[PDB]
Every structure is written in structure tokens, then in C-alpha cells.
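See below for the structure under consideration.
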Amino acid sequence: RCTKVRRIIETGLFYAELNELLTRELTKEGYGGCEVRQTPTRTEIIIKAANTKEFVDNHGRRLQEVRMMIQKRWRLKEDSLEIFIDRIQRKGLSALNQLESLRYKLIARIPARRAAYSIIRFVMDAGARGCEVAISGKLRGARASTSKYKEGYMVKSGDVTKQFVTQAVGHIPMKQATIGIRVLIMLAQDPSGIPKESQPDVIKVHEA
Amino acid sequence: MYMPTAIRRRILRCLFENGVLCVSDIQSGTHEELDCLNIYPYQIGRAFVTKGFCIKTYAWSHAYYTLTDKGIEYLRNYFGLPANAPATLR
Amino acid sequence: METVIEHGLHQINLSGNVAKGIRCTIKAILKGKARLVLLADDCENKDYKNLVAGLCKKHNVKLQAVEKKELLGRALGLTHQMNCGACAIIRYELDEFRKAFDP
Amino acid sequence: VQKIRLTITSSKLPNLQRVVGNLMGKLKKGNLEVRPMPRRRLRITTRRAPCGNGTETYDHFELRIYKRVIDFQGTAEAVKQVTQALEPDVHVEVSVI
Amino acid sequence: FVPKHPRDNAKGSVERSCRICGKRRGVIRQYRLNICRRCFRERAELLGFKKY
RNA sequence: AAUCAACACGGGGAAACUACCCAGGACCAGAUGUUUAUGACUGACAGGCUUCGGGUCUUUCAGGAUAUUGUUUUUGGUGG
């Protein structure tokens, strides 16, 4: 029994706590966001990740570690909570997933050239119009210094940034200093795929 | 830490029954499910981790203690229960 | 035989109901809760008993007493191996054993 | 028969307009007779710099609340079926009058 | 523990902290958010707030 | 924090808390690696000491292995 204001804000505040939680559990499984369906008595949540097998191994024990962690937190009733999972088609173009691949490497002491041009090639071959990778902080010297590695083309301004550009910021702690990882990935519009409409820059004239 | 004895059991039963206990990061905070100060489940939780009976994940000022393989074998030794013997059901 | 008295206590501690101290065992009898309140062969024959027998009558009931002191202690989870001194059972394959000591 | 109100609420307008189409669509099938409320801008105006340094610049964060009200005469049998859209960030309060 | 000074209507009550932050330097109480501003603005788009 | 780009800026309108600062007095969040069931450690009525007291102290009851002593170093820090 809430106001029309608070049912939006509670559901917003639910989602943001829930999403910061499933950063820290599902680092190995390869997290790629979620969606929450809210009902007065029923809650349905789609988790999305790359390694869908890694849940279902040990006859689905890994999901029931998560499902109790949600249930006990907000004190929801079982049956009234209804988690699924659904797989990521094209892991190449999701930003949170490809951040984790660049995180995986730079712990294990690959050069930053080779770590970026691993993923920046993997993004473009999978299917995307451009991508940028930044590795900010302290390699080699006492001063910190910024790498930026770019290909394709990458739109930075307007509304059209928000629709097209996926992006994901993070950080790696180390023995020496705190690096920052940062991967922007631009998409192509599909004809009603999974954006719909083209950019407001482009127009197309018909053939006679 | 000095715990009282009766509160100690019904935490480690709430740990054993569920598998995941949540507690507020903030100390001196009343606790739901089992009523007590939120120092009590929190400080025993990091004791288990050192021995290695559970995993600690922390998000938004909330501490989650997910109970691993060894602690399931330990708490059958503690409570005196037959195997199989929580929330790993399918 | 007294080897299988250890099988009784191993579960009772985890049953779990327990009294170890002479003081805890006294006020278990007085306040009207204990079923089966034990002693051993330790000092001083009647000193333990008078407190117990005098103590024992109010609570009511008696239990087989296991000698050596150490045996009672080993089953309780005491070593890392001190004398049991006294053993107290309260409230209540454990039910398979205790047909000796009876419902 | 207890003329029932829906009250449909959302953050986002495309996600709302699916649910209004369905809940207007289903009153075509059941044949129940079918009868916009003003939207709120929850403006929160934080100073965008963390420290006290720099020129005092302020980001404006409007959360928007679109709110529609369908209502109709309906007999409890027919209404159970209509209620059952399921969209992200949409709510539907049912209200008997 | 259990700090004995009352803190019913007080700045350092445990409700009043940034929930994420655990600190109270610059708190947004309106619409019952109870979130610190630096803490807010990192994760405002997740909550459904937007620039216009 | 010091030209613009410090000085109704740190959303910093501090009566307590906030609070870092100063004067007193408590607490252990001393995690994990020889003592003790014949009480390891723990809680308190009244009246003294005392800002106010189970901090201490004269009495003497309530609990029950959650330990103690030494060795390791966790964790905490609006410390640099």
C-alpha cells in the first residue's frame, strides 16, 4: 500500500541494488545486465550472461545460492519470486561482458597493446560499427599515462550517443597502483532486431 | 567475541537452514529473521571465512555469507545431524 | 559394558541438552527440567552424592554412573582431556541406545 | 457489477503504450464497456562536482511519471482474465468503485 | 555497542546515512531515497533518473 | 581551496550526534594460529569512591565454554 510516486522509486531502488549485487557474484559467469518484472505478489527476473552452463552445473546449485540471497535480502516469499536465465547471443557487442575479458588479461600481465587489440578485433569481427578502449593509470613509470586504442568510428555527442553507444567503466587493483578500464562500443541498427531506427545524420534516397 | 549461548545456536541454525544469511554492514543494527544486534552474525561470519567455511560478498552496505562445501560438513558435526541434511535442492 | 554409554552422550550433546557444572546440574534438578542426572567415582564418596542425593531427591530419578571421570569427559567434546566430574542429561541412533535407561 | 478502475503507471512511454494497447485490446474480446491523468516531473538538482572546487554547476535529473486511467463495468469473471501485460517498469493498480 | 545517546531526530541516526556510502556527507532525503550525492550520481541512470 | 578557474564553495543553515579538534571516563569489532568443568570468561541490587557507574570497592548472588596466558597478524582508522 504505497503512493504512485513511491512504487516507481522503490522499484528503481530495488533494481540498482540488485544490479550492483550481481556484479560481485557473477564475475566468472560473465554478467550482462538484467530486467525486473514487478507485481504486487509476484516478481520475475531475467538474469543475462554468457556462460549459461556454469549455472546449470551441479544440477543448478549456483542459481539457488543467488536466489536465496535475493529472497533473504528483501524478505520476499518463495513461489512469489521467479528467476530465469537467458543467454547472450553475440557476446562481442555487449560492453559489461567485454570489459571482463580485458580485466581477465591485465591481471595476468599481458601488454596493454595486446590486451586491447584482442578485444577491439573481437568486437568488430562479431558485428559492430566501432569501438574504443582506454587503459588509464600506472604502467612502467612513476607518472600515470593514458592509453587510448580506437577503430571504426565512434559517435560522442547529442541524443544519438545514448541509443547507439554501449559503454562500461571499471578498475583493476594491483600490487603497484589502481588502473582504470573503459570500453565504448558502437552498434549498427538492425531492421527490427535486438536499435531499430537509423541515425538522424544519415538519409537514404530510393533508386529510380 | 562473547556471544550469549542461545542466540549463538539460532544464528548457526539460520546459517545452516538457509545457507545465505544477510546482515547490515552497519554494526549495532537490529537484525531481521533472527532478532539481535547486527554485530553478532557479522563478526562470526569473518571467523568462518578465515577457517574457510563461507564466502563473503558485499554490496550496498549489505554483507552476504554464502556457505561453502566444508561448512556443510562442519555443521553436521556441530548440530549432530545425519547427512543430507540446505537450499541446494535442484 | 559402558562402551555404548559414549554413543548416548555423543548425540545428547548435539541432541542437544547439556549440563556439565555442579552448579548447572543442581539448578537443573531444582527448577524442574532434568531427566537423567549423572555422577562418577570422584571425591568425596558422599560429598558429591549428598549434594546430588539430597539434590537428587528433589528433582527425582537416578542414572547409571560411569567410573573413571575421564570417560565422561571424552564423549562431550572436551579435549584438545579434563575430568567430566559429573554428567547431566536434560529435556530430551540415540533412541536405539537408551532402552537401557528407559522412557 | 462493481464498476472497476484500472490505473496504469510508468517511467517510460513506449513501455506504457504496449500495456494500454493490450488492456484496451482485451475489452474488444470480452466486450466489456470501456470508459490521461497529469504527469509528474520529479526534479532533483544535485551539484555535479564532488568537492567544493570549480564553478558551481548543477545537473538536473527529471524522473517522469506517465499515468493513464481506463475503467469499465465488469463482472469479476471477465476482469480476472484482462488483468493478467507483464512489462518492465509498468504498474497496474486495480480499484473497485 | 548500541550507542546510548538518543538519536531520534538527528543527523547521525543510522537511517540518515548514504545507504551505499555508509557516510552522511551530503544526503538526499527527498522521495525517501536516503542516498549521498556522490553516491547518487554514479548510479542515477540505474534508478530511472535522466538529464533533459 | 588563493587572479580569472579560493573566499552563502566542500550542497559546510555545526546547540548533542554529525566531527575530524581539546579535557576527563569506558569498550574490544584482540579475527585466526600454558589455564579450565573441582568453574575459563561473564551480568548485577543497595551503599561508598565518583561528573554520573558493577570503570573501581565493601558485600555475594545470577549465568555457563562464547575461553585465558604467550606467540602470529587480521580487521578498523574523517591518520600522512
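Within each chain, counting starts at residue 1; across the C-alpha cells, chains are named A, B, ... in the order shown, with ligands numbered 1 upward in that order.
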### Task
Output the contact residues of chain C with respect to chain B at a cut-off of 12 Å, based on only C-alpha atoms, as a ChimeraX atom specification.
/C:7,9-17,76-77,93-94
### Message
Among stretch 31-86 of chain D, which residues does DSSP mark as alpha helix (DSSP H) when it is run on the backbone? Keep the chain and numbering as in the structure and answer as a ChimeraX atom specification.
### Response
/D:77-83
What residues in chain E lie within 10 Å of chain D, counting only C-alpha atoms, written as an mmCIF file with N, CA and C atoms, in the first residue's frame?
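Result file follows (selection13.cif):
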```cif
data_model
loop_
_atom_site.group_PDB
_atom_site.id
_atom_site.type_symbol
_atom_site.label_atom_id
_atom_site.label_comp_id
_atom_site.auth_asym_id
_atom_site.auth_seq_id
_atom_site.Cartn_x
_atom_site.Cartn_y
_atom_site.Cartn_z
ATOM 1 N N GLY E 26 26.350 14.901 2.613
ATOM 2 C CA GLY E 26 25.538 15.463 1.525
ATOM 3 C C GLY E 26 24.405 14.552 1.089
ATOM 4 N N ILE E 28 20.448 13.081 0.303
ATOM 5 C CA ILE E 28 19.195 13.380 -0.398
ATOM 6 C C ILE E 28 18.047 12.596 0.237
ATOM 7 N N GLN E 30 14.779 13.436 -0.028
ATOM 8 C CA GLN E 30 13.509 13.642 -0.731
ATOM 9 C C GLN E 30 13.122 12.443 -1.597
ATOM 10 N N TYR E 31 11.825 12.136 -1.594
ATOM 11 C CA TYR E 31 11.277 10.850 -2.053
ATOM 12 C C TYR E 31 11.834 9.607 -1.332
ATOM 13 N N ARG E 37 24.948 12.208 -2.229
ATOM 14 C CA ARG E 37 25.046 12.714 -3.601
ATOM 15 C C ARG E 37 26.165 12.155 -4.492
ATOM 16 N N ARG E 38 27.386 12.016 -3.985
ATOM 17 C CA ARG E 38 28.455 11.458 -4.816
ATOM 18 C C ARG E 38 28.056 10.023 -5.121
ATOM 19 N N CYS E 39 27.505 9.377 -4.090
ATOM 20 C CA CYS E 39 26.994 8.015 -4.188
ATOM 21 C C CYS E 39 25.828 8.004 -5.176
ATOM 22 N N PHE E 40 24.921 8.980 -5.077
ATOM 23 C CA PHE E 40 23.795 9.077 -6.036
ATOM 24 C C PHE E 40 24.249 9.067 -7.496
ATOM 25 N N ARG E 41 25.118 10.009 -7.850
ATOM 26 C CA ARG E 41 25.322 10.420 -9.248
ATOM 27 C C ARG E 41 26.111 9.408 -10.085
ATOM 28 N N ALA E 44 22.650 6.921 -10.896
ATOM 29 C CA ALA E 44 21.357 7.611 -11.033
ATOM 30 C C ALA E 44 20.546 7.108 -12.229
ATOM 31 N N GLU E 45 21.237 6.773 -13.320
ATOM 32 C CA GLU E 45 20.603 6.212 -14.519
ATOM 33 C C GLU E 45 19.971 4.836 -14.277
ATOM 34 N N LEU E 47 18.536 3.994 -11.463
ATOM 35 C CA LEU E 47 17.304 4.287 -10.719
ATOM 36 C C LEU E 47 16.157 4.780 -11.613
ATOM 37 N N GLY E 48 16.484 5.253 -12.818
ATOM 38 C CA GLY E 48 15.500 5.764 -13.779
ATOM 39 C C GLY E 48 15.400 7.281 -13.837
ATOM 40 N N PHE E 49 16.401 7.978 -13.293
ATOM 41 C CA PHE E 49 16.532 9.433 -13.432
ATOM 42 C C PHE E 49 17.394 9.760 -14.650
ATOM 43 N N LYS E 50 17.125 10.906 -15.272
ATOM 44 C CA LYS E 50 17.696 11.244 -16.580
ATOM 45 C C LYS E 50 17.873 12.748 -16.753
ATOM 46 N N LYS E 51 18.850 13.120 -17.576
ATOM 47 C CA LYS E 51 19.070 14.515 -17.956
ATOM 48 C C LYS E 51 18.137 14.898 -19.099
ATOM 49 N N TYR E 52 17.528 16.080 -18.995
ATOM 50 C CA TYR E 52 16.737 16.663 -20.083
ATOM 51 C C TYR E 52 16.996 18.166 -20.191
#
```
### Members of chain B assigned strand (DSSP E) by DSSP, as a ChimeraX atom specification
/B:20-24,54-59,62-67
Please save N, CA, C and O atoms of the selected residues as a tab-separated table (two decimals), in the first residue's frame.
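Result saved to out.tsv:
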```tsv
chain	number	residue	atom	x	y	z
B	20	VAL	N	22.54	-18.86	3.03
B	20	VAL	CA	22.90	-17.45	2.92
B	20	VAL	C	22.16	-16.65	3.99
B	20	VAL	O	20.93	-16.57	3.97
B	21	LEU	N	22.91	-16.06	4.93
B	21	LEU	CA	22.40	-15.02	5.82
B	21	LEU	C	22.80	-13.63	5.32
B	21	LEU	O	23.93	-13.43	4.87
B	22	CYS	N	21.86	-12.68	5.39
B	22	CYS	CA	22.14	-11.26	5.16
B	22	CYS	C	22.12	-10.49	6.48
B	22	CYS	O	21.33	-10.81	7.38
B	23	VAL	N	23.03	-9.54	6.59
B	23	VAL	CA	23.17	-8.70	7.76
B	23	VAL	C	23.59	-7.32	7.28
B	23	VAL	O	24.31	-7.20	6.29
B	24	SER	N	23.16	-6.27	7.97
B	24	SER	CA	23.55	-4.93	7.58
B	24	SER	C	25.03	-4.73	7.86
B	24	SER	O	25.54	-5.24	8.85
B	54	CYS	N	32.83	-20.28	4.47
B	54	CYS	CA	31.90	-19.46	3.70
B	54	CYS	C	32.58	-18.39	2.87
B	54	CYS	O	33.75	-18.07	3.09
B	55	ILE	N	31.84	-17.83	1.92
B	55	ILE	CA	32.36	-16.78	1.04
B	55	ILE	C	31.63	-15.47	1.32
B	55	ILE	O	30.41	-15.44	1.44
B	56	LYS	N	32.39	-14.38	1.42
B	56	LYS	CA	31.80	-13.08	1.70
B	56	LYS	C	31.73	-12.21	0.44
B	56	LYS	O	32.72	-12.00	-0.24
B	57	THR	N	30.53	-11.71	0.17
B	57	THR	CA	30.27	-10.87	-0.99
B	57	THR	C	29.62	-9.66	-0.35
B	57	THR	O	28.72	-9.82	0.47
B	58	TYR	N	30.07	-8.46	-0.67
B	58	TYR	CA	29.48	-7.27	-0.06
B	58	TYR	C	28.95	-6.28	-1.08
B	58	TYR	O	29.69	-5.84	-1.96
B	59	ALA	N	27.68	-5.92	-0.97
B	59	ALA	CA	27.09	-4.96	-1.89
B	59	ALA	C	26.14	-3.97	-1.21
B	59	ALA	O	25.26	-4.37	-0.46
B	62	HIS	N	25.54	-4.11	2.52
B	62	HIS	CA	24.96	-5.37	2.97
B	62	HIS	C	25.97	-6.49	2.80
B	62	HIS	O	26.61	-6.59	1.75
B	63	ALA	N	26.13	-7.32	3.82
B	63	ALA	CA	27.08	-8.42	3.74
B	63	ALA	C	26.38	-9.75	3.54
B	63	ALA	O	25.47	-10.10	4.28
B	64	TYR	N	26.81	-10.49	2.53
B	64	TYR	CA	26.22	-11.79	2.22
B	64	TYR	C	27.24	-12.88	2.48
B	64	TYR	O	28.39	-12.80	2.06
B	65	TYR	N	26.80	-13.91	3.20
B	65	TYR	CA	27.69	-15.02	3.58
B	65	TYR	C	27.17	-16.34	3.00
B	65	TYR	O	26.34	-17.01	3.61
B	66	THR	N	27.68	-16.70	1.82
B	66	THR	CA	27.26	-17.93	1.12
B	66	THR	C	28.10	-19.13	1.56
B	66	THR	O	29.32	-19.13	1.41
B	67	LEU	N	27.42	-20.15	2.08
B	67	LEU	CA	28.06	-21.21	2.86
B	67	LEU	C	28.60	-22.31	1.93
B	67	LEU	O	27.83	-22.88	1.15
```
### Task
Find the distance between atom CA of residue B:5 and atom CA of residue B:33 and write it in Å to one decimal.
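Atom CA of residue B:5 sits 17.9 Å away from atom CA of residue B:33.
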Do you know which residues are at most 10 Å from residue F:38 counting only C-alpha atoms (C1' of nucleotides), after dropping those on the same chain fewer than 2 positions away, and could you put them as a PDB file with N, CA and C atoms, in the first residue's frame?
```
ATOM      1  N   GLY C  21      28.635 -28.408  34.706  1.00  0.00           N
ATOM      2  CA  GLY C  21      28.978 -27.902  36.019  1.00  0.00           C
ATOM      3  C   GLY C  21      28.110 -28.416  37.146  1.00  0.00           C
ATOM      4  N   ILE C  22      28.692 -28.482  38.338  1.00  0.00           N
ATOM      5  CA  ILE C  22      27.971 -28.929  39.514  1.00  0.00           C
ATOM      6  C   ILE C  22      26.828 -27.952  39.773  1.00  0.00           C
ATOM      7  N   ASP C  42      34.354 -39.866  41.698  1.00  0.00           N
ATOM      8  CA  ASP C  42      35.187 -38.785  42.237  1.00  0.00           C
ATOM      9  C   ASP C  42      34.871 -38.331  43.674  1.00  0.00           C
ATOM     10  N   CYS C  43      35.792 -37.559  44.239  1.00  0.00           N
ATOM     11  CA  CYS C  43      35.689 -37.088  45.614  1.00  0.00           C
ATOM     12  C   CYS C  43      34.415 -36.295  45.941  1.00  0.00           C
ATOM     13  N   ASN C  83      38.644 -33.968  33.437  1.00  0.00           N
ATOM     14  CA  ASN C  83      37.656 -34.831  34.071  1.00  0.00           C
ATOM     15  C   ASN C  83      36.215 -34.356  33.952  1.00  0.00           C
ATOM     16  N   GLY C  85      33.846 -35.265  35.892  1.00  0.00           N
ATOM     17  CA  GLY C  85      33.452 -34.983  37.259  1.00  0.00           C
ATOM     18  C   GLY C  85      32.013 -35.388  37.484  1.00  0.00           C
TER      19      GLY C  85
END
```
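With distances restricted to only C-alpha atoms (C1' of nucleotides), F:11 is the closest residue to chain D from F:11, F:3, F:18, F:41.
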Hey, which bits of chain F sit within 8 Å of chain B, and for each residue what's the closest pair of atoms and how far apart in Å (one decimal), counting only C-alpha atoms (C1' of nucleotides), rows by chain and increasing number, as CSV?
```
residue,atom,partner,partner_atom,distance
F:29,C1',B:43,CA,7.2
F:31,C1',B:47,CA,5.9
F:32,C1',B:50,CA,6.2
F:66,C1',B:3,CA,4.9
```
Would you mind exporting C-alpha atoms (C1' of nucleotides) of the selected residues as a PDB file, in the first residue's frame?
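Resulting contents of out.pdb:
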```
ATOM      1  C1'   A F  29      34.897  -5.304  16.480  1.00  0.00           C
ATOM      2  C1'   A F  31      39.635 -12.427  13.828  1.00  0.00           C
ATOM      3  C1'   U F  32      42.682 -16.956  13.035  1.00  0.00           C
ATOM      4  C1'   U F  66      31.149 -17.876  23.589  1.00  0.00           C
TER       5        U F  66
END
```
### Query
Which one of C:57, C:49, C:69, C:62 sits closest to chain F if you count only C-alpha atoms (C1' of nucleotides)?
C:69
### Query
Contacts of residue E:35 at 8 Å or less, counting only C-alpha atoms (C1' of nucleotides), minus same-chain residues fewer than 3 places along, as a list in words?
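Residues near the query, excluding close chain neighbours: residues 17, 18, 19, 20, 21, 27, 28, 29, 39 and 40 of chain E.
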### Task
Name the residues in contact with residue F:27 at a cut-off of 12 Å, using only C-alpha atoms (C1' of nucleotides), excluding same-chain residues fewer than 4 positions from it; report them as a PyMOL selection string.
(chain E and resi 1-3) or (chain F and resi 55)
May I have the selected residues written with C-alpha atoms (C1' of nucleotides), as a PDB file, in the first residue's frame?
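Once everything was written out, this is part.pdb:
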```pdb
ATOM      1  CA  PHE E   1      27.660  -1.160  21.315  1.00  0.00           C
ATOM      2  CA  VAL E   2      24.081   0.215  20.971  1.00  0.00           C
ATOM      3  CA  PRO E   3      25.039   3.901  21.379  1.00  0.00           C
TER       4      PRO E   3
ATOM      5  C1'   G F  55      35.119   1.876  35.291  1.00  0.00           C
TER       6        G F  55
END
```
Return as a tab-separated table the residues of chain D lying at most 10 Å from chain A, together with the closest atom-to-atom pair for each and the distance in Å to one decimal, counting only C-alpha atoms, with rows in chain order and ascending residue number.
```
residue	atom	partner	partner_atom	distance
D:7	CA	A:4	CA	9.7
D:8	CA	A:4	CA	9.8
D:9	CA	A:4	CA	7.5
D:10	CA	A:8	CA	7.5
D:11	CA	A:8	CA	7.2
D:40	CA	A:5	CA	8.8
D:42	CA	A:5	CA	8.9
D:63	CA	A:9	CA	9.4
D:64	CA	A:8	CA	9.9
D:65	CA	A:5	CA	7.8
D:67	CA	A:4	CA	9.0
D:86	CA	A:37	CA	6.9
D:87	CA	A:37	CA	6.6
D:88	CA	A:37	CA	5.3
D:89	CA	A:37	CA	7.0
D:90	CA	A:38	CA	7.9
D:91	CA	A:39	CA	7.5
D:92	CA	A:39	CA	8.6
D:93	CA	A:40	CA	9.1
```
### Message
I'd like the contact shell of residue F:1 - 8 Å cut-off, only C-alpha atoms (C1' of nucleotides), skipping same-chain residues fewer than 3 positions apart - returned as a PyMOL selection string.
### Response
(chain D and resi 52-53) or (chain F and resi 6)
### Message
Select, as a list in words, those residues of chain A with any atom no more than 9 Å from chain B (distances computed using only C-alpha atoms).
### Response
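In the required form, that comes to residues 17, 18, 20, 21, 22, 24, 25, 58, 59, 60, 61, 62, 64, 65, 66, 68, 69, 72, 73 and 75 of chain A.
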Could the residues in this selection be written to a file with C-alpha atoms, as a short mmCIF file (atom, residue, chain, number, x, y, z; two decimals), in the first residue's frame?
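Okay, again13.cif is ready:
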```cif
data_model
loop_
_atom_site.label_atom_id
_atom_site.label_comp_id
_atom_site.auth_asym_id
_atom_site.auth_seq_id
_atom_site.Cartn_x
_atom_site.Cartn_y
_atom_site.Cartn_z
CA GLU A 17 20.90 -2.57 -5.51
CA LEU A 18 20.08 -5.83 -7.35
CA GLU A 20 25.33 -3.92 -8.10
CA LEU A 21 24.88 -7.25 -6.24
CA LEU A 22 25.12 -9.35 -9.44
CA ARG A 24 30.10 -9.27 -7.48
CA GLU A 25 28.64 -12.81 -7.66
CA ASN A 58 25.96 -29.29 -10.17
CA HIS A 59 22.23 -29.64 -11.06
CA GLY A 60 21.56 -25.88 -10.77
CA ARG A 61 23.14 -25.23 -7.35
CA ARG A 62 24.77 -21.92 -8.38
CA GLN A 64 20.00 -21.33 -5.74
CA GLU A 65 22.91 -19.59 -3.97
CA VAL A 66 21.80 -16.39 -5.77
CA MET A 68 18.24 -17.24 -1.56
CA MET A 69 20.49 -14.14 -1.49
CA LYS A 72 16.54 -13.17 2.27
CA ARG A 73 17.55 -9.57 1.42
CA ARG A 75 12.29 -10.77 2.59
#
```
### Query
Quick one, how far is atom CA of residue A:53 from atom CA of residue A:81?
22.1 Å
#### Entry: Spatial neighbours of residue C:25, 12 Å, only C-alpha atoms (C1' of nucleotides), chain gap at least 3 places, as a ChimeraX atom specification
/C:17-22,28-39,48,51-52,55-56,59,85-90 /F:37,64
### Message
So the first atom is atom CA of residue A:85 and the second is atom CA of residue A:48; what is the distance between them in Å, to one decimal place?
### Response
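Value for the atom CA of residue A:85-atom CA of residue A:48 distance: 5.9 Å.
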### Residue among C:100, C:92, C:4, C:84 lying closest to chain F, counting only C-alpha atoms (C1' of nucleotides)
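Ranking C:100, C:92, C:4, C:84 by distance to chain F, first place goes to C:84.
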